[PDB]
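Consider the single chain below, provided in structure tokens and representing the form deposited in one PDB entry.
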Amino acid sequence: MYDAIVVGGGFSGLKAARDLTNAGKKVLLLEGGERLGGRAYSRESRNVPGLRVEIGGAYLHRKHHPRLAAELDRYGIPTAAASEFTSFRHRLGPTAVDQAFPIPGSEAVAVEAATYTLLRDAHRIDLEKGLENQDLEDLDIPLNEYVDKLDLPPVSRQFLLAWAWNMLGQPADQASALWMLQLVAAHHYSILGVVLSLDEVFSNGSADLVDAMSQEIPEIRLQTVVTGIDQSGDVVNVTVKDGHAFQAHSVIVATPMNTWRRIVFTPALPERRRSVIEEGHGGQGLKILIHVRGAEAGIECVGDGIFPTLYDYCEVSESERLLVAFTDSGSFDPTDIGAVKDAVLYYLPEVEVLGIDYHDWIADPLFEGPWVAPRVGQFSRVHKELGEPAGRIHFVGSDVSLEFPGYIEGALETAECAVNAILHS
């Protein structure tokens, strides 16, 4: 038996397990898959032999992401911008300017007012309390309805929606306004910062940092899928798809939220959690690496295409690059390569698509989702509760961070809070 079992080997489980062990605890980490890192997954390009790519989480910003910055400093892990962005190829209409901030003068007053309105609204959110605890329900409505109330003219309306589509991984009609404002709050009450947090990347991949942390975890089992967590007796029992059980005074759940409905909890989780756990969150982000020929370097495109964003990622050669596109998996089928070409050529009619690469996170039984985003109405009913302990079972992860949800930073934040709960218990 262990002081703690940590279930899931993403950044959240890795941090918890490491920190617990360093506190002198006896810790077991169980990972269902064949690798550690979870939604941070660097690996070889399917399109370009020998090229390492981020198929999930990649971008960070030291100022918004201080826990992560500490990890990088701790291990001397090198980072950089993926690219300098210099060529803008927007589809925002004939008045937009081809710059990173493409809003023309004629829209300045509208932007100014919308800035005030969005930030006023975001300032309603106290990040320690939970979105269900603050009379915020009037904001928990479809994003498109919220944005209609701003009455933005066309460049800025489409700019805002495009980035919002990108960032939440939902179309405007499925996204919660309140959740947008949450991301705004997380970035020190900044609209701009939501997109400026795409600031650097792992020079050598997210695996650089996954490997550093796991070197400090003495006991890891891969290919071990937890199917049951039972705290009816004095010590927690964790059953596994094909193994003995393992036992611990404490269990940390660090698997993705949309997988919890597959674990049998004994006794059942508190009832107010159960419905949202069953439904799952509504995130359908879809990040597609696109192998292309004839693209200039430094391209960024934002606009009204089925790819809201498309931007530079890495040089493959003098004539070939990878771009990255975000959309959502409910709106777009990445295996429809005819579709990919259309989506690309919309922004970049001169470019040829050579191939694509992505991971179907939503179909993957270890995930059942990309990054968190609530369905409308979800998180004003229950939010903070999802990441509270139930008896001796803790819930951590990005998905449930109040402070930086959907980011690597949020995995780290939640782990911190669990480690501490467990040390003071």
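Start at 1 with the first residue shown and count on from there. Rigid core (definition): largest C-alpha set, two forms, superposition within 1.5 Å.
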- Average Cα temperature factor in the PDB entry - higher stretch of 193 to 201, 82 to 90: 82 to 90
- Task: Determine, for stretches 372 to 380 and 44 to 52, which one has the higher mean CA B-factor as deposited.
- Result: 44 to 52
- Message: Out of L402, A17, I408, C417, whose C-alpha atom has the biggest B factor in the entry?
- Response: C417
- Query: Can you tell me which of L150, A164, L348, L183 has the highest Cα temperature factor in the record?
  - Reply: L150
- Message: Among the modelled residues of this chain, does the Cα B factor of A254 put it in the lowest, middle or highest third?
- Response: lowest
- Query: Once the chain's modelled residues are ordered by C-alpha B factor and cut into thirds, is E352 in the lowest, middle or highest one?
  - Reply: highest
- Query: Lowest, middle or highest third of the chain for the C-alpha temperature factor of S275?
  - Reply: highest
- Message: Looking at the temperature factor on the CA atom of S156, which third of the chain's modelled residues does it land in?
- Response: lowest
- Assigned third (lowest, middle, highest) for the C-alpha B factor of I5: middle
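Heads up, the form deposited in another entry isn't pictured, but that's what we're talking about next.
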- Only one of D121, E352, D199, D230 passes the 2 Å C-alpha shift threshold between this form and the one not shown with the rigid core fixed, namely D199
- Task: Determine, after fitting the two forms on their core, whether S83 shows a C-alpha shift of 2 Å or more between this form and the one not shown.
- Result: yes
- Given that the distance between the C-alpha atoms of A82 and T335 changes by 3 Å or more in that other deposited form, do they end up closer or farther than here? farther
- Query: Between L348 and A81, does the Cα distance in that other deposited form come out closer or farther than in this form, changing by 3 Å or more?
  - Reply: farther
